[PDB]
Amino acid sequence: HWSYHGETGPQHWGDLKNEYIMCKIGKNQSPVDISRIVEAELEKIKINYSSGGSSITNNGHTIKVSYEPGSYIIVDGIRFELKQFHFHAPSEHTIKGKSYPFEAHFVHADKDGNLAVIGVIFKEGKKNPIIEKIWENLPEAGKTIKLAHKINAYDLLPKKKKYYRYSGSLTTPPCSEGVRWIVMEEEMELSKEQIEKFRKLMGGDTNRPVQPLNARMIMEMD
């Protein structure tokens, strides 16, 4: 039982349960500040998405769209199926110090259960059509809603896919490491109104403080 505030806030996650120990002692945690950058000859990430956003949930921590099987990405010659995607506000990652009002995470897992997460950052701009579909059918804490017209996550990704990569963790407990982070450089857009609705629904900030890089470097596509 964790939250973003107070007794159950981020600085205390590591002590709440024994399962949450990596939140306290891990040295490869997320989010981070994309700062220690190095140009590296990374390959374009092959993406095969389909309209699979079948249901929408509110676990009180985020708004999560569950994904039905068949959509995936390839990283390191390994196929990771898209399982779900959710949002944080403000952004969990900061880029060169810069904080963004909104962030989307696309969570994938391969046959052995290893995760690869795509992070997409948003700025204030035009009302976003995909978000509007999700926002229309926004449930209350604990509740889920099935969707007759399924959503496609590819449309939330920027058109230009140049990305940062690094080895990090889940940004919520148990903060397990060994997560491949793929952070898109190009910023997406949603309205100021769309952001505010989200925040109210959650009860404030929903981001974990940036975590030290320590020995890591952030790689940037050539």
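Throughout, we count residues from 1 along the sequence that is shown.
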**Q.** Mean temperature factor over C-alpha atoms, higher-scoring stretch between 16-24 and 206-214
**A.** 16-24
Q. Comparing 122-130 with 70-78, where is the mean C-alpha B-factor higher?
A. 122-130
Q: Could you tell me which one of 41, 177, 33, 186 shows the highest CA temperature factor in the PDB record?
A: 41
Q | Per the PDB entry, maximal CA B factor within 191, 167, 59, 48 | A | 59
Q: Please place residue 97 in the lowest, middle or highest third of its chain by C-alpha B factor as given in the entry.
A: middle
Q. How does residue 172 rank on Cα B-factor within its chain, lowest, middle or highest third?
A. middle
Q: Would you mind ranking residue 116 by its C-alpha B-factor against the rest of the chain and naming the third, lowest, middle or highest?
A: lowest
Q: Sort the modelled residues of this chain by their C-alpha B factor and say whether residue 105 lands in the lowest, middle or highest third.
A: middle
Q | For residue 162, the third of its chain into which the C-alpha B factor falls | A | lowest
